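Note sheet for the following structure.
Readers should treat all values here as calculations from the given coordinates under stated rules, not as data from a laboratory. Using ideal geometry, Cβ is built from the backbone for each residue, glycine included, and neighbour counts are taken over all protein chains shown.
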Amino acid sequence: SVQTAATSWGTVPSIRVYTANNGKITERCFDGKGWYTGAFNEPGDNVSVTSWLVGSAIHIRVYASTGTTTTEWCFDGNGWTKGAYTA
Amino acid sequence: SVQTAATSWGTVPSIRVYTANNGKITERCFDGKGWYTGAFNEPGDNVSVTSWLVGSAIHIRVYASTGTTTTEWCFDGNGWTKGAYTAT
Amino acid sequence: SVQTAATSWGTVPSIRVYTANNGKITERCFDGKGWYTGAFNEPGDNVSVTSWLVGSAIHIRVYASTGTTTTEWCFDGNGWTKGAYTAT
Ligand SMILES: C[C@@H]1O[C@@H](O)[C@@H](O)[C@H](O)[C@@H]1O
Ligand SMILES: C[C@@H]1O[C@@H](O)[C@@H](O)[C@H](O)[C@@H]1O
Ligand SMILES: C[C@@H]1O[C@@H](O)[C@@H](O)[C@H](O)[C@@H]1O
Ligand SMILES: C[C@@H]1O[C@@H](O)[C@@H](O)[C@H](O)[C@@H]1O
Ligand SMILES: C[C@@H]1O[C@H](O)[C@@H](O)[C@H](O)[C@@H]1O
Ligand SMILES: C[C@@H]1O[C@H](O)[C@@H](O)[C@H](O)[C@@H]1O
């Protein structure tokens with residue numbers, strides 16, 4: 001059974017949904033029209049997400065877990081990079 | 001055994017908690033007094049949730065998963081309807 | 001295999017991550033300069049979280065599930081106390 005996590009910002013709105021399926025996490029996006037595929041693609045059997053705005057600029061943190069190892073992924077306006085989070 | 005998801009809005013606050021137990025997702029609600037049962041009741045083994053405020057009016061999106069099938073459910077003031085969401 | 005839940009607030013920015021591991025939930029904290037361990041430490045196999053501001057002060061509700069039993073934990077400025085939440 002697949003496992004998901006969701007966040008949203010604004011009032012249009014913008015929505016991001018992350019799905020862990022047979023060890024891989026992918027991203028689906030909504031910005032007021034239809035759903036499309038996002039840039040996020042990394043390993044994980046489990047996922048959680050949060051987001052915040054600084055003025056009108058979006059920041060997303062994805063917590064991806066394989067066994068007992070959790071990796072933080074960071075969106076800050078220019079692709080995804082690894083964050084400093086440890087357990 | 002059971003899996004939950006939670007969202008909140010305003011300063012009172014209002015809270016909604018969704019629980020996947022025994023093949024069904026059910027909803028519990030708080031608006032400043034006690035907890036009561038909500039209208040949401042649909043099939044699922046896994047659940048996630050997000051929400052946004054339009055003035056004082058809440059909008060809720062619930063993502064219900066069984067196997068490789070994820071169904072989006074939509075609250076916009078007048079009950080729950082299925083959404084256009086599909087996976088990659 | 002571990003399960004996590006996350007919440008954030010403000011422009012510090014502030015983040016809280018909860019991890020369920022072998023029936024225990026722990027908390028890691030970010031407030032602008034490195035991660036540290038937080039006060040929350042209670043039983044659970046499954047975890048969800050939500051939070052809201054009153055002025056600039058954070059309030060957090062953590063939903064900790066062991067089997068079919070869900071307990072709500074409450075932060076309102078000074079330590080964690082059990083909440084009134086029960087399931088359908
Ligand atoms: C906010 C961003 O929106 C699109 O650019 C996606 O491709 C990214 O992964 C991210 O979700
Ligand atoms: C808000 C911060 O963004 C990056 O600096 C990450 O490396 C940190 O772990 C944190 O998520
Ligand atoms: C908002 C608070 O921040 C720190 O004091 C943590 O130790 C608490 O558990 C709580 O997360
Ligand atoms: C916002 C409220 O805070 C405390 O009163 C809890 O006992 C309730 O369950 C609710 O979470
Ligand atoms: C915001 C709405 O509150 C109502 O009382 C509930 O019955 C709906 O399901 C929804 O949560
Ligand atoms: C915000 C949008 O609401 C619509 O009713 C849904 O069908 C879309 O999938 C999306 O959630």
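Residues being farther than 24 Å from C:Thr7 by Cα and in contact with a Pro (Cβ under 7 Å, 6 or more places away or on another chain): count how many of those fall in segment B:15-66.
Matching residues across segment B:15-66 total 3.
Those residues that are more than 7 Å from every other protein chain (Cβ to nearest Cβ), part of a loop (DSSP other than H, G, I, E, B) and within 13 Å of ligand 6 (Cβ to nearest atom), I need them from segment B:50-88; list them, please. Please lay out each step first, then the result.
Step one: list which residues in segment B:50-88 are more than 7 Å from every other protein chain (Cβ to nearest Cβ), which gives B:51, B:53, B:55-60, B:62, B:64, B:69, B:71-83.
Pick out the ones that are also part of a loop (DSSP other than H, G, I, E, B) and you get B:55-56, B:76-79, B:83.
Passing the criteria: B:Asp76, B:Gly77, B:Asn78, B:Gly79, B:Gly83.
Quick check: anything in segment A:47-64 away from chain C (no Cβ under 13 Å) and over 13 Å from the mean Cα position of the chain (by Cα)?
Here is the first cut: in segment A:47-64, the ones away from chain C (no Cβ under 13 Å) are none.
No, there is no match, as no residue in segment A:47-64 is away from chain C (no Cβ under 13 Å) and over 13 Å from the mean Cα position of the chain (by Cα).
Does A:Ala6 satisfy being at the interface with another protein chain (Cβ under 7 Å from one of its Cβ atoms), among the hydrophobic types (A, V, I, L, M, F, W, C) and within 16 Å of ligand 3 (Cβ to nearest atom)?
Numbers: at the interface with another protein chain (Cβ under 7 Å from one of its Cβ atoms): yes; among the hydrophobic types (A, V, I, L, M, F, W, C): yes; within 16 Å of ligand 3 (Cβ to nearest atom): no.
The answer is no for A:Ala6.
Just to be sure, is A:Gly44 away from ligand 4 (no atom under 16 Å from the Cβ), within 17 Å of C:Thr19 (Cα to Cα), touching a residue at least 24 places away in the same chain (Cβ under 8 Å) and not β-branched (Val, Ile, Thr)? Even if it seems obvious, please write down each step before you answer.
Values: away from ligand 4 (no atom under 16 Å from the Cβ): yes; within 17 Å of C:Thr19 (Cα to Cα): yes; touching a residue at least 24 places away in the same chain (Cβ under 8 Å): yes; not β-branched (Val, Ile, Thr): yes.
Considered against the rule, which asks whether it is away from ligand 4 (no atom under 16 Å from the Cβ), within 17 Å of C:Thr19 (Cα to Cα), touching a residue at least 24 places away in the same chain (Cβ under 8 Å) and not β-branched (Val, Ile, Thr), A:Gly44 comes out as yes.
Quick check: anything in segment C:25-42 part of a loop (DSSP other than H, G, I, E, B), touching a residue at least 12 places away in the same chain (Cβ under 8 Å) and more than 30 Å from A:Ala57 (Cα to Cα)?
Residues of segment C:25-42 that are part of a loop (DSSP other than H, G, I, E, B), as a first pass: C:31-34.
Checking which are touching a residue at least 12 places away in the same chain (Cβ under 8 Å) leaves us with C:31-32.
Subsequent filtering for residues that are more than 30 Å from A:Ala57 (Cα to Cα) retains none.
No, there is no match, as no residue in segment C:25-42 is part of a loop (DSSP other than H, G, I, E, B), touching a residue at least 12 places away in the same chain (Cβ under 8 Å) and more than 30 Å from A:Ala57 (Cα to Cα).
Only one of (1) more than 10 Å from every other protein chain (Cβ to nearest Cβ); (2) within 15 Å of ligand 2 (Cβ to nearest atom) fails for A:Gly83. Which number is that?
(1)
Looking at C:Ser56, C:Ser1, can you tell me which residue is surrounded by fewer than 19 Cβ atoms within 10 Å (Cβ to Cβ), closer than 16 Å to A:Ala5 by Cβ and out of contact with any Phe, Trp or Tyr (no Cβ under 7 Å at 6 or more places or on another chain)?
After applying the criteria, what remains is C:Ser1.
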